[PDB]
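Below you'll find only one chain, the form deposited in one PDB entry, shown as structure tokens.
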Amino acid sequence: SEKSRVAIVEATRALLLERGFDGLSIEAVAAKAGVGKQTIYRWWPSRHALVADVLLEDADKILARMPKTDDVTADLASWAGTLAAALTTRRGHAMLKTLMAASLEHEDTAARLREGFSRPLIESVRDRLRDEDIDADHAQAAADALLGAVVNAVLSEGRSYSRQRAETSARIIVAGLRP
């Protein structure tokens, strides 16, 4: 109808902060919303799409922030470690996997999720480096490598990836920007 959609969105959101990601399939959502799964497909092509779409509604409060002190190495190491910690929690890791999964289903969905989740992280790192008069090309390349280190590692090896590897990758990258 017009409220059936809302019920699915609300069922998904409640199921998220109650059973987490592991117990959040289309069936659970459909049963909690009270609808046939094809009613869900009137609005989302897939479970990943539906979950990512709800998470996207919240990108702001999901994405955290860059320390800003007189020590750029400490700032980026702190940032990278906090990110690594966040994405290796059980919830954080399942979230990353869900967002990547949804992204790979449609190029438009990937673009939407990149704008929501990846862009603020790249821009935070890039801006912090430009603050120190690093040029645009090196700031971009360094940001690709620091965010890339963390995201790729968590996607590849999962929750055993550590705050410590992330921080070490950050210190190496920043040292390579000297002066």
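For clarity, a rigid core is taken as the largest C-alpha set superposing within 1.5 Å between two forms. Residue positions are given as counts along the sequence shown, with the first one as 1.
Although not depicted, the form deposited in another entry is the subject of the following passage.
With the two forms fitted on their core, the C-alpha shifts between the shown form and the other one stay under 2 Å for all of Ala145, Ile122, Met66, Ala30 except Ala30.
Comparing the forms between the shown form and the other one on their rigid core, the Cα displacement of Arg13 reaches 2 Å or more. Relative to the superposed rigid core, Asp131 undergoes a CA displacement smaller than 2 Å between the shown form and the other one. Shown in the overlay between the shown form and the other one, fitted on the rigid core, is a CA shift at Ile40 of 2 Å or greater.
The gap between the Cα atoms of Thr82 and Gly23 is larger in the other form, by no less than 3 Å, than in this form. Distance between the C-alpha atoms of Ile62 and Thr82: shorter by at least 3 Å in the other form than in the displayed form.
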